[PDB]
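Undergrad: Below is the sequence, then the experimental coordinates.
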Amino acid sequence: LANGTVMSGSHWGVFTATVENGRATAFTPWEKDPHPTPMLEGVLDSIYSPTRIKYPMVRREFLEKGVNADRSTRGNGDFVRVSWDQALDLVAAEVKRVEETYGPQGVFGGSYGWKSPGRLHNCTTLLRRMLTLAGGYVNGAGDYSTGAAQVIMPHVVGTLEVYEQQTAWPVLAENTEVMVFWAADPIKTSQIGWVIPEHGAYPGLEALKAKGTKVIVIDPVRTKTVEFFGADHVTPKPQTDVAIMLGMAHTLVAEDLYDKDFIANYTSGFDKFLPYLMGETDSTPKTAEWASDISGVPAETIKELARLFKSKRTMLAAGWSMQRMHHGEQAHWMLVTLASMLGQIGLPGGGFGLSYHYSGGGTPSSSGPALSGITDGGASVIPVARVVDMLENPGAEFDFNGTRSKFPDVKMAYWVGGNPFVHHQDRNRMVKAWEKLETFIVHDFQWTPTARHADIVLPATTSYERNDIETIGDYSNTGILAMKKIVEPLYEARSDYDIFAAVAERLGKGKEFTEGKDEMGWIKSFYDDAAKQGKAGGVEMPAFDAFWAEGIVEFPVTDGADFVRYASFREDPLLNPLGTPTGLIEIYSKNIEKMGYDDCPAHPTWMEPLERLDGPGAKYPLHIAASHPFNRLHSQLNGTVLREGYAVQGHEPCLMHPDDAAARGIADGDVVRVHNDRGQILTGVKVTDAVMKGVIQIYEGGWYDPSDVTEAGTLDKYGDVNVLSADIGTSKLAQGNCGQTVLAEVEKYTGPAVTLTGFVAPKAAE
Ligand SMILES: NC1=NC(=O)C2=N[C@H]3C(S)=C(S)[C@@H](COP(=O)(O)OP(=O)(O)OC[C@H]4O[C@@H](n5cnc6c(=O)[nH]c(N)nc65)[C@H](O)[C@@H]4O)O[C@H]3NC2=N1
Ligand SMILES: NC1=NC(=O)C2=N[C@H]3C(S)=C(S)[C@@H](COP(=O)(O)OP(=O)(O)OC[C@H]4O[C@@H](n5cnc6c(=O)[nH]c(N)nc65)[C@H](O)[C@@H]4O)O[C@H]3NC2=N1
């Protein structure tokens, strides 16, 4: 057996693995990583944990009855182990049957998911490459991260904005006087990257602290971002940020402080927005006092913040939680409007930024080339979060960005690299709608709730059991890494590439799928490509084997540290207008006006959400800050040793304010039932004043562990927050998810003891 070290990467960073007798025994972070993630050891563990999928399995009821199977029992763990050949024969037969019987509209291939990095072993693209050869499929559009923001921004500033390079960190360090983190916790969220992360946000944050720059955080939770900076902390009732922003804008107009020149020369539609702000249209001036009545933030505080932002070089760095809510489009649209009134857009250190908390935005871009990877080669596309609406309403129409389409009639769903039975909203609704599917196939290397609900489960390998290549730095393009194989594939696990190649072979399309190339053949072609472009661009790169021997190639930064977003638009709006219909920032959109959507007006507007903390006639008393986990990447790593560090009596933790806990006779460490009209879950409480009164925090990603799959509304024993969320569109414009629009009640759990079954494999899978 092998003994030695091997370097590779992941969504958590670059690392060196120590291998002893063919087993990985430790992951040590890259010496050049400025801030490694404590989660790295959970990544190692995920390769060997009790929930690792060993063999290909088929649900017994499905094996026995096929389409006539009782579908209500999916998830009960009654699986039968089969050989790879029979499993592959079955999958290929089912794909062909559905394609022939129902056409491409019958196969849902959106397969949303974070998967693992890698240009070759991209499971979701490989799935689609195979389905394309099979006859076609229904795809998903957008994502769960910025579903609302990515649709509204192109109407306001002309581009998606959320996934674009930010004004460089060093520019902020030298110019910014006030840094505001609005609904953003960069310390927590910068641990991860879509491609390999360089953790560039930490050096930037540390430089701001060293400078003595003033930091203000607007978040209902006193996060580590607040603590690291000793920041001025404002806590609004969740879902009221728009009211606060209107109050600030009203103040700036009232005191005649706003930048009339910026407004006049760089925006369009402020004249149509002003009457609303003044209360002419509805007899309700949007004053700081009015904002206070809604948000709970003192009127004088709202006024002082506005005056401060107006007089200092201020950067508004906003997160995405506030748009993952009902009417989410309004949040960043109003933020940009407020930013316009301040008039600092395009100035070094001023304006706004929507990606400082994500994958290193702001970290200086190098002059390196882009790496390419394998490609894939009723409406045929639906907004990702409308997946259950589609299942329930085949043939019904839906609105999206000014167009109206019909839902296709789906009979099969194939999922890889994703965990919809954890990520999607309103679990109970989803569990029932899933019965409309004749066949559900899943590939994963961990027994997630999604894998447990499959008709056919195929064991995939992790990135550590294969070779790949990937970029370091979504925005910085720091370099290219050789993701070298660390250990041999465990049990009967196979790469998604091999599995799909075998299925395609059975469809008579093996050669079309593989292109006659093997793993290393594909990898070399991607590298050689980047190398051709590199040399043409003046960047020197080694030959393939030389690159592989060293394991990494880094690129030089030329002028990337000087980047200022919107500077050219500000310098000359005549030569460099924006990509909007007017060429200016659209505070009022004529196009959106023409759409006639009741839930998405033509300018930023405060609207009552479905449910909110202290809202009129609200039924439940507490808002659940269902945000991103500190110690998991969504659901990833829940089934590893890391869980021991945060579980409370074996359950997902629930942070609760001492006043809220006392009113209920709840003590620190108690197991509590969190419930509303949609569902009920058990969590373990940690009493802390970190969360504002009226708000509890239960992160998304907990592995749903239902008591009885056949019992409607069954209790989730572990703590999947999505058992409590509603499944509705942000509005007709974007149809984004509202995963953080959640109210619930909590009571100490005194019922019978439950046994956690989510972190051990199904008995038959052992
Ligand atoms: N550690 C970690 N785990 C992850 O799962 C993870 N996922 C990655 C992905 S895909 C994304 S998309 C990003 C997520 O980035 P995003 O900004 O969406 O993050 P969240 O954690 O949902 O929310 C950030 C903050 O918003 C606060 N907040 C919630 N409700 C409100 C509100 O109504 N008003 C205000 N002002 N603040 C509010 C929360 O309390 C939280 O501190 O993180 C990325 N990074 C990640 N890191
Ligand atoms: N209430 C709520 N609040 C939220 O803020 C929220 N965030 C949303 C966001 S922004 C996102 S992106 C989604 C995340 O939901 P997503 O489904 O992306 O979550 P992950 O836990 O990353 O699941 C990825 C799965 O891929 C598997 N996997 C890894 N690599 C491979 C591979 O190479 N082969 C195969 N076959 N499988 C692999 C992992 O083991 C894991 O089970 O949740 C969304 N849901 C949310 N709900």
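TA: Received the coordinates, thanks. Numbers count the residues shown, from 1 in each chain. Ligands and ions are numbered 1, 2, ... in the order given.

Undergrad: Domain boundaries for this protein, per the record?
TA: Per curated CATH domains, the structural domains of the chain span 3-30+467-484+515-555, 52-143+376-466+492-514, 145-364+564-589, 597-759.

Undergrad: right, is the third one up against ligand 2?
TA: Yes - under the criterion of CB under 6 Å from any ligand atom, domain 145-364+564-589 makes contact with ligand 2 via 145, 324. From N, CA and C alone the C-beta is placed, and that goes for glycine too.

Undergrad: where's that domain relative to the chain centroid, distance-wise?
TA: Its chain's C-alpha centre and that of domain 145-364+564-589 lie 20 Å apart, by CA atoms, centre = their mean, to the nearest Å.

Undergrad: As TSV, the domains of the chain with mean neighbour count would be great.
TA: Formatted as TSV, the domains of the chain follow (neighbours: other CB atoms under 10 Å):
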stretch	mean neighbour count
domain 3-30+467-484+515-555	18
domain 52-143+376-466+492-514	20
domain 145-364+564-589	21
domain 597-759	20
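
Undergrad: so which of those gets nearest residue 46?
TA: domain 597-759 (5.2 Å; CB to CB).

Undergrad: gap between the two ends of the closest one?
TA: 45 Å (CA to CA, to the nearest Å).

Undergrad: Show me what from the stretch 101-250 of the chain comes close to ligand 1.
TA: Residues of the stretch 101-250 of the chain that fall close to ligand 1, judged by CB under 6 Å from any ligand atom: 145, 182-185, 188-189, 191-192, 218-221, 223, 236, 238-239, 241.

Undergrad: Quick one: the helices in the stretch 501-650 of the chain, in order.
TA: In the stretch 501-650 of the chain, the helices defined using DSSP state H, counting those that start in this stretch lie at 510-514, 519-536, 544-550, 567-571, 590-595.

Undergrad: To ligand 1, which of the ones you listed lies closest?
TA: Between ligand 1 and the helices of the stretch 501-650 of the chain, the tightest spacing by CB to the nearest ligand atom is seen for helix 590-595, at 23.1 Å.

Undergrad: Give me the buried positions along the closest one.
TA: For helix 590-595, a neighbour-count test (16 or more other CB atoms under 10 Å) marks 592, 595 as buried.

Undergrad: ok, and what's touching that helix?
TA: Residues outside helix 590-595 that contact it (CB atoms under 8 Å, 6 or more residues apart in numbering) are 155, 402, 581, 600-602, 732-733.

Undergrad: Equivalent analysis for stretch 488-506, please.
TA: 22, 47-48, 52-56, 84, 88-89, 91-92, 95, 120-121, 123, 126-127, 129-130, 133-134, 416-417, 443, 445, 458-461, 465-466, 510, 512-514, 519.

Undergrad: Please name the bridge partners of the spatially closest residue to residue 339 that is not a sequence neighbour.
TA: The spatial neighbour of residue 339 that comes closest, neighbours along the chain excluded (CB to CB, 6 or more residues apart in numbering), is residue 352 at 4.4 Å. For residue 352, the beta-bridge partners under DSSP bridges are residue 316.

Undergrad: who touches residue 352 in this structure?
TA: 315-318, 335-336, 339, 345.

Undergrad: In contact with the residue nearest in space to the middle of the chain, which residues?
TA: What sits nearest the mean C-alpha location of the chain, by CA atoms, centre = their mean, is residue 145, with 4.0 Å. For residue 145, the contacting residues are 162, 320, 324, by CB under 8 Å, 6+ apart.

Undergrad: redo that, cut-off 6 Å
TA: residue 320 (CB atoms under 6 Å, 6 or more residues apart in numbering).

Undergrad: Where does it sit, in terms of helix or strand?
TA: Per DSSP states H and E: residue 145 is located in neither a helix nor a strand.

Undergrad: Quick check: phi and psi at it.
TA: phi -80, psi -50 (degrees, to the nearest 10).

Undergrad: Repeat that for residue 456.
TA: Torsion angles, degrees, to the nearest 10, at residue 456: phi -140, psi 130.

Undergrad: Specify the beta-bridge partners of it.
TA: Applying DSSP bridges, one finds that residue 456 bridges with residue 58, residue 441.

Undergrad: distance of it from residue 494?
TA: 14 Å (CB to CB, to the nearest Å).

Undergrad: Please compute how far stretch 377-394 lies from its chain's middle.
TA: Worked out by CA atoms, centre = their mean, stretch 377-394 lies 19 Å from the chain centre.

Undergrad: what about that stretch, start to end distance?
TA: By CA to CA, one end of stretch 377-394 lies 28 Å from the other end.

Undergrad: Going forward, the N-terminal residue is numbered 791.
TA: With 791 as the first residue, the last one maps to stretch 1167-1184.

Undergrad: what's that stretch in contact with?
TA: So stretch 1167-1184 is in contact with 895, 902, 919, 922, 928-932, 1190, 1195-1199, 1220, 1223, 1226, 1517, 1525, 1527, going by CB under 6 Å, 6+ apart.

Undergrad: In helices only, show me those residues.
TA: 919, 922, 1220, 1223 (DSSP state H).

Undergrad: For the second one, give me its contacts.
TA: Just to be clear, that refers to residue 922. 1166-1167.

Undergrad: repeat for the last one
TA: By CB under 6 Å, 6+ apart, residue 1223 lies in contact with 1178, 1181-1182.

Undergrad: any chance you could map the strands in the stretch 1241-1390 of the chain?
TA: 1246-1249, 1258-1262, 1269-1273, 1342-1344, 1375-1376 (DSSP state E, counting those that start in this stretch).

Undergrad: quick one, which of the ones you listed is nearest to residue 1057?
TA: strand 1375-1376 (4.4 Å).

Undergrad: Partner strands of that closest one and their direction?
TA: Counting by DSSP bridges, strand 1375-1376 is paired with strand 1057-1058 (parallel).

Undergrad: Give me the contacts around the strand it pairs with.
TA: Against strand 1057-1058 from outside (CB under 6 Å, 6+ apart): 1130, 1372, 1374-1377.

Undergrad: Could you grab the helix/strand/coil label for the residue of the stretch 1441-1556 of the chain at minimum distance from ligand 2?
TA: Distance from ligand 2 to each residue of the stretch 1441-1556 of the chain (CB to the nearest ligand atom) is smallest for residue 1529, at 3.1 Å. Here residue 1529 is recorded as coil under DSSP: H, G, I helix; E, B strand; the rest coil.

Undergrad: Would you mind measuring from the residue nearest to it when sequence neighbours are not counted to residue 1214?
TA: Excluding its sequence neighbours, the residue lying closest to residue 1529 (CB to CB, 6+ apart) is residue 1114, at 5.0 Å. Distance from residue 1114 to residue 1214, counting by CB to CB: 13 Å.
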